[PDB]
Amino acid sequence: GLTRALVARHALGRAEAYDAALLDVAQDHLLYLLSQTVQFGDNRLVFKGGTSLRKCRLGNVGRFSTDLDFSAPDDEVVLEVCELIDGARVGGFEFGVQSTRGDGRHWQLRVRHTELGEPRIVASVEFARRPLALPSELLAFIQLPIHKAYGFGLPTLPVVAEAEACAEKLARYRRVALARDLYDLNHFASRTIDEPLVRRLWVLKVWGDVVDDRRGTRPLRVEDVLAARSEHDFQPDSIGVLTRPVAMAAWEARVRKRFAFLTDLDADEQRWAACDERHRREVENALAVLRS
């Protein structure tokens with residue numbers, strides 16, 4: 001099935017993107033392995049982040065994405081997944097994971113294909129502990145030409161709800177400016193957005209990020225996202241490898257304009273934006289109303 005010429009075409013003929021394309025294919029193989037062995041589902045294991053956007057919503061219209069992110073509240077589930085990945089073979093690919101930190105939830109991924117070799121691109125797997133707020137959406141992979149060469153059919157996987165994926169992207173964007181996040185937000189800006197829900201979830205995600213994960217600063221201010229940023233304010237992180245063209249100024253302008261609705265925080269959101277522990281019960285209740 002797979003050949004260097006097929007992977008090069010998957011990279012749109014761009015030599016600099018060959019390794020990202022090989023990793024993209026390897027990720028599909030890893031996700032297939034997981035789907036055959038591990039139970040996915042709400043409050044157990046949900047595929048999320050920019051790579052879920054690539055695999056299950058954008059396909060070829062989106063960038064390559066080098067991380068695999070999951071929501072997995074239970075440490076035992078994380079370990080099951082990591083033991084399965086490490087040393088696994090799926091056809092021509094062999095996988096390995098190395099822990100990057102002591103919590104067992106962040107890993108460097110290495111992949112090697114018997115014929116096509118090992119892509120020299122940074123790849124990772126990360127497992128979030130905090131439960132997702134919304135039920136997952138069971139999605140097929142967007143069909144791409146190279147998938148015809150795999151020799152198996154790709155699975156359907158529970159994926160983070162689109163409103164929650166956008167809120168998570170905005171929550172990180174509020175703390176640190178990453179070109180890959182800007183790219184993804186530029187896609188969300190071209191799609192239907194459930195504005196009150198995205199804004200509500202954004203505030204609740206930042207509250208947990210600050211109060212519980214001690215990430216970022218308090219209080220949350222809408223200018224954290226909506227102030228004009230220059231291309232020099234963003235971390236590039238090889239965005240030019242993952243997509244072409246890179247249009248940092250066009251993306252920044254479209255994102256800043258489209259997300260103006262985040263300014264319309266209601267009275268509760270403005271209170272919670274303080275990121276104060278005293279509001280924990282109110283925040284838990286606000287998340288609870290969205291579960292049902």
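Residues numbered from 1 in each chain as written, not as in the entry; some residues may be left out. Heavy atoms only, no water.

Draft legend 1. Inspection of the nonpolar core at higher detail. Grouped together as the largest cluster of nonpolar side chains are 102 residues, with contacts concentrated most on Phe70, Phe95, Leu109, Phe127, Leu170, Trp202 and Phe259. Here the element with the most residues in this core is helix α2 (residues 18–37); it accounts for eleven residues. Residues lining this core come from more than one domain, with at least three contributed by each of domain 1 (4–159) and domain 2 (162–291). Residues within four places of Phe259 in sequence aside, it is in contact with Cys166, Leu170, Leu185, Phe188, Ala189, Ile193 and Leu226. (Core = buried A, V, L, I, M, F, W, Y, C linked by side-chain atoms within 4.5 Å. Buried < 20%, exposed > 50% of the residue type's maximum accessible area, 1.4 Å probe, protein only. Helix = DSSP H or I, 4+ residues; strand = E, 2+ residues; numbered from the N terminus. Domains from an automatic or database assignment. Contact = heavy atoms within 4.5 Å.)

Draft legend 2. Quick peek at the packing of aromatic side chains. All chains considered together, the criterion is met by nine aromatic pairs. Members of the aromatic cluster, joined through ring pairs, are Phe40, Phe47, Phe70 and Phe127. The ring of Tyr173 is capped by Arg229, whose NZ or CZ atom sits 3.9 Å from the centre of that ring. (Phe/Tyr/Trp six-rings, centres within 6.5 Å; stacked < 30°, edge-to-face > 60°. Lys NZ or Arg CZ within 6 Å of the ring centre and 35° of its normal.)

Draft legend 3. Representation of the domain arrangement of the chain within the structure. Looking at the chain, the domain boundaries give domain 1 (4–159) and domain 2 (162–291). Each of domain 1 and domain 2 was reduced to a C-alpha centroid, and the two centroids are 24 Å apart. Each partner contributes to the interface: domain 1 provides 21 residues, whereas domain 2 provides 26 residues. Buried area between domain 1 and domain 2, both sides added, is near 2,100 Å², and the carbon and sulfur share of it is 51%. Its largest share of buried area at the contact with domain 2, domain 1 owes to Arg14, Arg63 and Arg130, together 33% of the area lost on that side. Where domain 1 touches domain 2, the interface holds five salt bridges. Here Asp209 and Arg130 are joined by a salt bridge, their closest N and O atoms 2.7 Å apart. One can count 14 residue pairs in polar contact joining domain 1 with domain 2. Tallied by class, residues from the side of domain 1 that touches domain 2 come to twelve nonpolar, three polar and six charged. (Buried area = accessible area lost by both parts, 1.4 Å probe. Salt bridge = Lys/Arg side-chain N within 4 Å of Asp/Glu carboxyl O. Polar contact = N/O pair within 3.5 Å; in protein donor to acceptor, adjacent residues only side chain to side chain. Nonpolar A, V, L, I, M, F, W, Y, C, P; charged D, E, K, R; others polar.)

Draft legend 4. Representation of the pairing of strand β6 (residues 124–128) in the model. Relative to β6, strand β2 (residues 67–71) runs parallel, the two being bridged by five bridges. Each bridged residue has a counterpart across the sheet, and for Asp67 the counterpart in β6 is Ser124. As defined by bridge partners, strand β5 (residues 106–113) adjoins β6 across three bridges and the pair is classed as antiparallel. Counted as the bridge partner of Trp107 is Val125 from β6. (Pairing = 2+ DSSP bridges.)

Draft legend 5. Here's a closer look at the packing of helix α7 (residues 195–211) against helix α12 (residues 280–291). Where α7 meets α12, the axes come as close as 11 Å, and the angle between the chain directions of the two elements is 140°. In terms of their interaxial angle, α7 and α12 are classed as oblique. Handedness of the crossing formed by α7 with α12: left-handed. Two secondary-structure elements touch here, α7 through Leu197, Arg200, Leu201, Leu204, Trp207 and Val211 and α12 through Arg280, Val283, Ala286, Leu287 and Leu290. Residues that form the contact of α7 with α12 fall into these classes: nine nonpolar, no polar and two charged. (Axes fitted to C-alpha atoms, helices over the stretch in contact; angles between N-to-C directions. Parallel < 35°, antiparallel > 145°, perpendicular 65-115°, else oblique. Left-handed = near helix turned anticlockwise from the far one by under 90°.)

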